[PDB]
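Contents: one structure, followed by commentary.
First the proteins, then the strands, lettered A, B, ... as listed; each starts at 1. These values consider heavy atoms only, across backbone and side chains, with no hydrogens, waters or symmetry-generated copies.
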Amino acid sequence: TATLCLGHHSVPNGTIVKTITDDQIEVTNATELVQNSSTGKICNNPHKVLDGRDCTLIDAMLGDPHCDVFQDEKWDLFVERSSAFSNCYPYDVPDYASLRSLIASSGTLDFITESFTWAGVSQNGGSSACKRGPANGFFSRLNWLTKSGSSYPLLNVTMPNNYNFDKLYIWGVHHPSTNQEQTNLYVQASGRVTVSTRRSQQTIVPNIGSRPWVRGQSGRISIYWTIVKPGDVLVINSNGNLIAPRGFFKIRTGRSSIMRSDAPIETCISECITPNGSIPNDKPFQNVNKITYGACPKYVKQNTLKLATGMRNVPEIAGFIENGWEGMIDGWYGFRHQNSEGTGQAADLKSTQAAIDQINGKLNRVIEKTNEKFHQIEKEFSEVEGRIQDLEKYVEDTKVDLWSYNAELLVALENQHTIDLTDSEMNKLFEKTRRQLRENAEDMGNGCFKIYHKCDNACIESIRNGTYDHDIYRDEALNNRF
Amino acid sequence: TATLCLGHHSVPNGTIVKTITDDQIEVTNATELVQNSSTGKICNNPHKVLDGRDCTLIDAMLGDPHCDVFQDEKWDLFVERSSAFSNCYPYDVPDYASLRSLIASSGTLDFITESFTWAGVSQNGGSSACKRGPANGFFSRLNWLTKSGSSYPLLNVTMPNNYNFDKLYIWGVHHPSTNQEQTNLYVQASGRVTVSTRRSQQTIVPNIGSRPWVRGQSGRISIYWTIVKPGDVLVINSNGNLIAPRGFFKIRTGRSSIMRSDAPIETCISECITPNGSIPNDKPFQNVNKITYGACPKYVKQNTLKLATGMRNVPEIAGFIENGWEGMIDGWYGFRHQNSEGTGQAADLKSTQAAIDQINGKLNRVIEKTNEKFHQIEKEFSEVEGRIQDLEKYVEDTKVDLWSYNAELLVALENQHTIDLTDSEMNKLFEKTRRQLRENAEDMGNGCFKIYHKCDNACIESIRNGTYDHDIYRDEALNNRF
Amino acid sequence: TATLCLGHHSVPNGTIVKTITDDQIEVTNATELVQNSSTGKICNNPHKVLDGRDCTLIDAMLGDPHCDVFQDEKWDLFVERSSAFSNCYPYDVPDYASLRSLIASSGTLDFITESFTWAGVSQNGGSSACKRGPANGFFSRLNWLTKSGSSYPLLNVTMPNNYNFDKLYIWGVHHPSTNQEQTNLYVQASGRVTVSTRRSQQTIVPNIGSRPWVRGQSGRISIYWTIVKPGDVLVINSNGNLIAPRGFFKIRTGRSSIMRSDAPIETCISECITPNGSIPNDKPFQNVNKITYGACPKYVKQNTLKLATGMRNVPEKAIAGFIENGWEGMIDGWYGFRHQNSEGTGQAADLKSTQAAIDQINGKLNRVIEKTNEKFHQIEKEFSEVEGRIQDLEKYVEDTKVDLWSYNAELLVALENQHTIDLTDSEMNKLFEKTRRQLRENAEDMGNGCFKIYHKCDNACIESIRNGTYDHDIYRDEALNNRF
Ligand SMILES: *[C@@H]1O[C@H](CO)[C@@H](O[C@@H]2O[C@H](CO)[C@@H](O[C@@H]3O[C@H](CO[C@H]4O[C@H](CO)[C@@H](O)[C@H](O)[C@@H]4O)[C@@H](O)[C@H](O[C@H]4O[C@H](CO)[C@@H](O)[C@H](O)[C@@H]4O)[C@@H]3O)[C@H](O)[C@H]2NC(C)=O)[C@H](O)[C@H]1NC(C)=O
Ligand SMILES: *[C@@H]1O[C@H](CO)[C@@H](O[C@@H]2O[C@H](CO)[C@@H](O[C@@H]3O[C@H](CO[C@H]4O[C@H](CO)[C@@H](O)[C@H](O)[C@@H]4O)[C@@H](O)[C@H](O[C@H]4O[C@H](CO)[C@@H](O)[C@H](O)[C@@H]4O)[C@@H]3O)[C@H](O)[C@H]2NC(C)=O)[C@H](O)[C@H]1NC(C)=O
Ligand SMILES: *[C@@H]1O[C@H](CO)[C@@H](O[C@@H]2O[C@H](CO)[C@@H](O[C@@H]3O[C@H](CO[C@H]4O[C@H](CO)[C@@H](O)[C@H](O)[C@@H]4O)[C@@H](O)[C@H](O[C@H]4O[C@H](CO)[C@@H](O)[C@H](O)[C@@H]4O)[C@@H]3O)[C@H](O)[C@H]2NC(C)=O)[C@H](O)[C@H]1NC(C)=O
Ligand SMILES: CC(=O)N[C@H]1[C@H]([C@H](O)[C@H](O)CO)O[C@@](O[C@@H]2[C@@H](O)[C@H](O)O[C@H](CO)[C@@H]2O)(C(=O)O)C[C@@H]1O
Ligand SMILES: CC(=O)N[C@H]1[C@H]([C@H](O)[C@H](O)CO)O[C@@](O[C@@H]2[C@@H](O)[C@H](O)O[C@H](CO)[C@@H]2O)(C(=O)O)C[C@@H]1O
Ligand SMILES: CC(=O)N[C@H]1[C@H]([C@H](O)[C@H](O)CO)O[C@@](O[C@@H]2[C@@H](O)[C@H](O)O[C@H](CO)[C@@H]2O)(C(=O)O)C[C@@H]1O
Ligand SMILES: *[C@@H]1O[C@H](CO)[C@@H](O[C@@H]2O[C@H](CO)[C@@H](O)[C@H](O)[C@H]2NC(C)=O)[C@H](O)[C@H]1NC(C)=O
Ligand SMILES: *[C@@H]1O[C@H](CO)[C@@H](O[C@@H]2O[C@H](CO)[C@@H](O)[C@H](O)[C@H]2NC(C)=O)[C@H](O)[C@H]1NC(C)=O
Ligand SMILES: *[C@@H]1O[C@H](CO)[C@@H](O[C@@H]2O[C@H](CO)[C@@H](O)[C@H](O)[C@H]2NC(C)=O)[C@H](O)[C@H]1NC(C)=O
Ligand SMILES: *[C@@H]1O[C@H](CO)[C@@H](O)[C@H](O)[C@H]1NC(C)=O
Ligand SMILES: *[C@@H]1O[C@H](CO)[C@@H](O)[C@H](O)[C@H]1NC(C)=O
Ligand SMILES: *[C@@H]1O[C@H](CO)[C@@H](O)[C@H](O)[C@H]1NC(C)=O
């Protein structure tokens, strides 16, 4: 007689995962699917990262003197720091967020000076709240007009767009603190500013009243913008309180954006940037921050998700029935034989290769490699606003919940199918071996066959290869069994 | 000889479910996953529910006399009734929804009086449209200023924030019906109101014109609000038409919200509130209302979803092949034996336990227990508005469709796997029994084994336990079978 | 002895699909789930499609002369062309998109004229920028008021809503180019327009200043609207610069909408319309356009998704069984028997297992996904100008929805293919095991899916085995001598 047993490998330290059917099952190998940490640094490649330091994007656009270093800059990602401050004439922007988003998306601050003529007024007004060295100054891209002599005439100027790209104009209106100041700077008791194209118009009447002192001044300035398409024309008509433009900004379509962060910038390479720093993108999910730029993993709420990579781990001649082989390091499935010569062991390459090829590349079949997103909505707020902020928060929360559910279900399903396939492979190998031994062998019921004839080492090798001929040993076996 | 059959339990009345593969299959037990009814009452525990009977939140905030009972109230959920009405001076709020949302989210009406000084004007103006008993009155939190003698001087007042929390100020502007009324109440022919901090400013010019009578009055009032951060200062500068504040409201961050409902409030306990009433949250899905507050099931479009909790139900010695055992009430899987002593029956505990432990707790592996949401967007509207309302409706519709698809797919998948696992358990038990009987038994092909030796009750019990020794009965069987 | 083999059909040209476990597996039949093409025409049935031609919806509402043919029209879908233009007095609409969406959703332009009284002013002002034939004209639904003699008195007019439906009023304000023009047309140096109900009010002060010439004019007009509920009243109070309404529009609730397209309209039937044209809706997914109207498939990013309809396709390499071998010579069913005997070889098919497999395969996708979701009026999804916050939010919402539905479609196809392959394999194995059960001890398995029967099993014996009425005892003893 002889013994031929079939078995599968096991490891001393396994990992616990979750399936559709079982909450905890131990397997021989697993991988983590959620990225949960960052180095805390922002890499300067391959995206062009521009550090704003102590300047906001709007202050750099307007021409705050301590931001003069930012003239005509370009970026892929503009990083705004929390220590930024303003040091010029106090101002406000109706719909600040929209202008900020527009400028950030455009990705450039290229400015072209134009030859405006302002007949009968003084130009280049200044203030002690915006100092350029020792002298009083103002925003570098704006022109503060006041009366000349004792008159402030009606201004009526035009500028056509004879290029083939769009023009962006930034202009403003001054709000004085008293009626006496209004008459002192602009002769008329009530100013008016009108800015129009062939398809749009805006008219502003200034507001008068005392306000809290900011850098010594109780007056204010309001900022507005206008876009002029190719073939159109801009007309400015005003009888007081005009803060004139000095030229226009180019506006482009691209993949630029802006981000708030305090992380330092270092020399390295990374495709995914968050406010916490750069993160690697080899995993499909991340838990670091829902604000991202570049090729990034999808944000989820879970901090860990384990995907099974090997078969179930069963502690440890016998077969595979509730028994694993801790002494096998040559493969996943294999044979053992007990004989007159002695015990021997070998592995099955075909079933191991089939299992590995099935397991490898599993998650790429369902989920995409990397989703690249560049400019998105704001997801953190500093002031309370109401309806629109509520809607933005609701949208983000809904998206996060749905993607977290997707990730959980996908991991559970994949683990279930991996376990099932490994078990089926083992059973198929056992059944094929049973098919080869037609009537000369019997199943012991523990995954092990007993062969009734003399099966030496060459006999076992013939069985393992698949060239076993039962007829040769048929009659003898029929004598041993009955 | 003897007969040993394997079988599974059956029930007289089963339930229909749907799987991935079959449109309808009958099982022995199932559970409903969608909650589709409410008692029609709102429970007063554990959330603090405040009923605004005849008052809206805005009217209670401003100080409508018939809302005077609501001064300095707090809530977790404010319930607005459809029979609420206004009984004071006619008014309107630019961006009513935003102020309503922010007050509701704050969750309190705590008001602190401040000592404003208004020099040269008369205070506490009233109207017959807002009666406090027999006398003419006004909103309790606002101060109506008019001329004193024959003059209305320029008002210029300031108030600093020396606390460590934010302040909310409510103020207003009066719109008269005629120019004569304008000059009669405020000496100047055109009023103006300016309210500012160091970081913001608002200026309002009143509108003059006749309007439809409301409680005898053709004039109107417009309401505005301002938030003052710690370390900032509020400045009010007015030439006329000012409705002054009397103090400030505390504004907080929390989980409070507001709801429109007509359901009565009763003494009970429930964690999930809808406009239809309170609902239990033991099920993962609900169909009652997409407006919810608290720990609630997810809203879906389906009114019923059945999850299988038992094996397939097959109508009814024989085995398990296309035959169930209605006479088995001691377990799920079991043995029957036919012998010289007589027929006998028993149940298998291990396979039953494995099946039950697999079935129990299946849905908790994929879906979360309860998602708590407190303040969300509005989902029902009474007027047509356009762009923003279209966006809100679109967002809600997208969310509902995606979650309904998720629920349908999850139920189908879980039912498929439950059926598969029960079938596999039965087959495994049969194969194990076949393994134990090595050569002394024959498979009848109906799920039954024919034993060709004398197998008495003790022999049956040895087979069932797993201690059956074939060698003892080997030779005799070989004589009987051949 | 005799031979009995079990096998399954195969085809000379199979199709590749993807499952959860395999990147590529070849099956005998598959179907495409994504619609990726259109005929380029919009069908005029069953929806009512109205071609705007050279007019926008707002211009047709206001009464632009070259749009006069659109008076009192109705639609289910309004189609705006890219060659539309305006040919009247220059104007602008604050919140243009909201008014456009409201009118498009209402679905009608039914107008009722009312008898307003404007005492002390002249009516029916016109311009050379808006010509009706040879004469100067104006919008047909608006009345341009102007001074009479040397005075422009204060106007207070009222109109009550005594019906049981809502009223929509469109009105406007004129912005002159100079102060002299302001005093010439309206005596007062600063005009004012107030429009109010019991629950709302709006007041407009006109703006003065020079603007670029549009059809000879530097002045402008601004357009506003007001809704009056049943039992309410409208009051108009003005002392200059008013563009008065002539009546009211009916406003309805329904499923009407508007779409931008240049596709021509033809006589045909189709339930789903896109800017590219009509598309059939027999498939659950589409890749043509994310803008749709009617009963339409869900938009996804993938251009193809193949769902398996048959079993795995195995080529055909002494008859053999189903083990790594298919039967190209079988055209009568999916699973079948073959027998080798003294009379000769014979073949037959199994009807029960084939029927079970087909009934499982048929109608699988309808169990999970709904047939058709009908959507009528939605948000805008393409923009011509940069705006900022709201446009960013709309684009973000649409992108999120598209990504989630694409993931759903991919996962569903993979899961369904996996289960189809599993069910076909299980059916074949079950048939083989049943056949093994019938031959209790009278036959031996060769291990290639084929049994060999030790006794004399003729054609009638084969048929008895196939039917399920084979009795082993009859041939028991004889086989027990052949085997041992
Ligand atoms: C309408 O109401 C507003 C608000 O109340 C008034 O605005 C105030 O106007 C006064 C006068 O212009 C302002 O007073 C000035 O404040 C400056 C800043 O003060 C800060 O810094 C100093 C020292 O750094 C601190 O001590 C102080 O507490 C503040 O923290 C001062 O620097 C100015 O000093 C000038 O006057 C002093 C007088 O002794 C001279 O010695 C100095 O050399 C210098 O000339 C000055 O005191 C006040 O800040 C404004 N308030 C606000 C909130 O901005 C309007 O004036 C009022 N309008 C009318 C018509 O009444
Ligand atoms: C600008 O245009 C508007 C719109 O027409 C005009 O506003 C109207 O002004 C008049 C005069 O002030 C208002 O008339 C008053 O209406 C009150 C409410 O009437 C309702 O209730 C009564 C009884 O409950 C009903 O019979 C009636 O049909 C209404 O349902 C009346 O109570 C007032 O009564 C006073 O006058 C009568 C006259 O006999 C006396 O007997 C009374 O004691 C009392 O003194 C009064 O009739 C009218 O309501 C306003 N209309 C609207 C829509 O509000 C402006 O006049 C106009 N501007 C100018 C400058 O002309
Ligand atoms: C404030 O600033 C604005 C902006 O500059 C000024 O607006 C301009 O006003 C002038 C005067 O009315 C306008 O001039 C007129 O332009 C018409 C259109 O010109 C177009 O078409 C012609 C031929 O088709 C082209 O050659 C031309 O380049 C344009 O493409 C002309 O048709 C008018 O012609 C009149 O004058 C000629 C003079 O020879 C006569 O022969 C004609 O019969 C006719 O009477 C006229 O030239 C100009 O278009 C306005 N510009 C814009 C951009 O709108 C304001 O005038 C200014 N306000 C003040 C107070 O200064
Ligand atoms: C262009 C111009 O007029 N610049 C002035 C400026 C403005 O007049 C003012 O900011 C408009 O609100 O004001 C400057 O300052 C003045 C002080 O020097 C003076 O003591 O008080 C004035 C207020 O009553 C005013 O603040 C400034 O901003 O530096 C002077 C500058 O030339
Ligand atoms: C604080 C004050 O002036 N209160 C007045 C009030 C206002 O003057 C008015 O609401 C401003 O629009 O008006 C009161 O009523 C008046 C009537 O008594 C009078 O017959 O007609 C007036 C209109 O021309 C006005 O309606 C009121 O609202 O009760 C009187 C109150 O003292
Ligand atoms: C109802 C009316 O007053 N219609 C005028 C119209 C308006 O006065 C004007 O559009 C208001 O801005 O203007 C018309 O044209 C005028 C020219 O004929 C004239 O040479 O120059 C005027 C400007 O100073 C004005 O453009 C028009 O629009 O056709 C004449 C019409 O009767
Ligand atoms: C990445 O940075 C964010 C900053 O927003 C961290 O999130 C905050 O974490 C603190 C500490 O737990 C909380 O108090 C805040 O409420 C969090 N903010 C938000 C918006 O969630 C986050 O923990 C950081 N992640 C890593 C891995 O460093
Ligand atoms: C819960 O209350 C809502 C009220 O919004 C009910 O929904 C309405 O039901 C009526 C009657 O079928 C319809 O005419 C309305 O169109 C429904 N409104 C909406 C917004 O869908 C709902 O039926 C109630 N549910 C239960 C279980 O009582
Ligand atoms: C249906 O029409 C849309 C029009 O938007 C086509 O999408 C455009 O295709 C062109 C050509 O590749 C691109 O340059 C544009 O960027 C696309 N626009 C958008 C918004 O995606 C689309 O290809 C058409 N589909 C069919 C099947 O004809
Ligand atoms: C576990 O699987 C990963 C593949 O994801 C492989 O890189 C790793 O070497 C495996 N671990 C062991 C111990 O084989
Ligand atoms: C059906 O299953 C539920 C558990 O989901 C259990 O409470 C109930 O008793 C079962 N019904 C029967 C008849 O066993
Ligand atoms: C493939 O399946 C479709 C239905 O899914 C059927 O119409 C078609 O005839 C099938 N092809 C063949 C060759 O049977």
Side-chain angles (χ1 to χ4, degrees), chain A residues 20-21 413 416-417 420, chain B residues 6-34 285 302-316 318-326 328 332-333 351-352 354-356 358-360 362-363 366 405 407-430 447, chain C residues 352-371 412 415-431 433-434:
Chain A
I20 281 300
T21 278
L413 261 179
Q416 176 84 29
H417 276 274
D420 286 352
Chain B
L6 290 93
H8 65 256
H9 77 137
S10 180
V11 294
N13 50 347
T15 36
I16 306 302
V17 298
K18 169 219 271 149
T19 69
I20 281 300
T21 281
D22 318 276
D23 299 271
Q24 33 183 0
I25 185 188
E26 195 193 309
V27 299
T28 59
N29 195 25
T31 70
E32 171 66 55
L33 291 188
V34 182
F285 307 119
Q302 297 98 318
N303 48 76
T304 176
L305 286 168
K306 306 289 283 153
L307 182 85
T309 49
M311 41 159 93
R312 46 169 88 236
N313 200 48
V314 188
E316 182 138 11
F320 67 93
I321 309 273
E322 269 78 337
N323 166 66
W325 287 351
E326 265 200 6
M328 179 147 96
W332 285 20
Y333 310 92
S351 53
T352 301
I356 273 149
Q358 270 153 99
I359 284 175
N360 269 357
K362 277 244 280 182
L363 212 61
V366 173
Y405 171 86
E408 190 71 70
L409 177 62
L410 174 62
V411 166
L413 263 180
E414 295 273 340
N415 285 349
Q416 176 84 30
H417 278 277
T418 292
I419 299 298
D420 284 349
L421 79 87
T422 45
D423 286 338
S424 100
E425 208 64 42
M426 179 87 256
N427 279 311
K428 266 164 32 204
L429 184 53
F430 186 79
Chain C
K352 297 180 175 182
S353 55
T354 301
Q355 188 60 31
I358 299 203
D359 287 44
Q360 276 165 84
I361 286 173
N362 269 358
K364 219 141 75 82
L365 207 69
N366 301 326
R367 277 154 211 159
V368 169
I369 200 133
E370 326 85 17
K371 197 176 181 177
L412 175 63
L415 263 179
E416 289 275 344
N417 286 346
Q418 176 85 20
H419 278 277
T420 295
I421 299 306
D422 282 359
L423 83 88
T424 45
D425 286 342
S426 77
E427 205 67 43
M428 176 91 252
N429 279 308
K430 266 167 33 213
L431 181 57
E433 226 41 48
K434 203 202 147 228

Report yes if some heavy atom in the side chain of [X] is under 4.5 Å from a heavy atom in the side chain of [Y]; otherwise report no.
{"X": "B:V11", "Y": "B:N29", "value": "no"}
{"X": "B:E26", "Y": "B:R312", "value": "no"}
{"X": "B:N303", "Y": "B:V34", "value": "no"}

task: Run the numbers on B:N313 and B:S10 for side-chain hydrogen bond (donor to acceptor under 3.5 Å, both in side chains), then give the verdict.
output: CA-CA 6 Å; B:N313 200 48; B:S10 180; 3.1 Å; yes
- prompt: Ignoring hydrogens and geometry, is there a side-chain-to-backbone donor-acceptor pair from B:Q416 to B:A412 under 3.5 Å?
  reply: no
- request: Would you mind checking if B:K428 and B:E425 are paired as a salt bridge, meaning a charged N to carboxylate O distance below 4.0 Å?
  value: yes
task: Please determine if B:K18 and B:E408 form a salt bridge, counting it only when a charged side-chain N lies under 4.0 Å from a carboxylate O.
output: yes
Separation of [Y] [atom2] from [X] [atom1] (nearest 0.5 Å):
{"X": "B:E414", "Y": "B:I359", "atom1": "CD", "atom2": "CD1", "answer": "11.0 Å"}
{"X": "B:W325", "Y": "B:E316", "atom1": "CH2", "atom2": "CD", "answer": "9.0 Å"}
{"X": "B:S351", "Y": "B:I356", "atom1": "OG", "atom2": "CD1", "answer": "9.5 Å"}
{"X": "C:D422", "Y": "B:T21", "atom1": "CG", "atom2": "OG1", "answer": "9.0 Å"}
{"X": "C:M428", "Y": "C:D425", "atom1": "CE", "atom2": "CG", "answer": "10.0 Å"}
{"X": "C:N366", "Y": "C:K371", "atom1": "CG", "atom2": "NZ", "answer": "8.0 Å"}

- request: Given side chain to side chain contact (heavy atoms under 4.5 Å, CB included), test B:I419 with B:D22 step by step and report yes or no.
  value: CA-CA 11 Å; B:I419 299 298; B:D22 318 276; over 6 Å; no
Any side-chain donor near an acceptor of the partner, B:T418 and B:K362, under 3.5 Å: yes
message: Under a 3.5 Å cutoff, is there a donor and acceptor pairing between the side chains of B:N415 and B:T19?
response: no
Considering non-hydrogen atoms only, spot the tightest contact between [X] and [Y] and give its length.
{"X": "B:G447", "Y": "B:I321", "answer": "N-CG1, 3.4 Å"}
{"X": "B:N323", "Y": "B:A318", "answer": "ND2-CB, 3.9 Å"}
{"X": "B:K306", "Y": "B:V411", "answer": "O-CG1, 3.6 Å"}
{"X": "B:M311", "Y": "B:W332", "answer": "CE-O, 3.8 Å"}

task: Determine the interplanar angle of the B:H417 and C:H419 rings, folded into 0 to 90°, and report it as parallel if under 30°, tilted if 30 to 60°, perpendicular if over 60°.
output: perpendicular
Evaluation steps, side chain to side chain contact (heavy atoms under 4.5 Å, CB included), between C:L365 and C:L412: CA-CA 9 Å; C:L365 207 69; C:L412 175 63; 3.8 Å; yes
message: For B:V17 and B:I25: C-alpha separation, side-chain torsions, deciding distance, then whether side chain to side chain contact (heavy atoms under 4.5 Å, CB included) applies.
response: CA-CA 6 Å; B:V17 298; B:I25 185 188; 3.7 Å; yes
message: Would you say CD of C:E433 has more than 12 non-hydrogen atoms from neighbouring residues, nucleotides or ligands within 6.0 angstrom?
response: yes
- request: Assess whether side chain to side chain contact (heavy atoms under 4.5 Å, CB included) is satisfied between B:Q302 and B:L33, documenting all intermediate values.
  value: CA-CA 10 Å; B:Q302 297 98 318; B:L33 291 188; over 6 Å; no
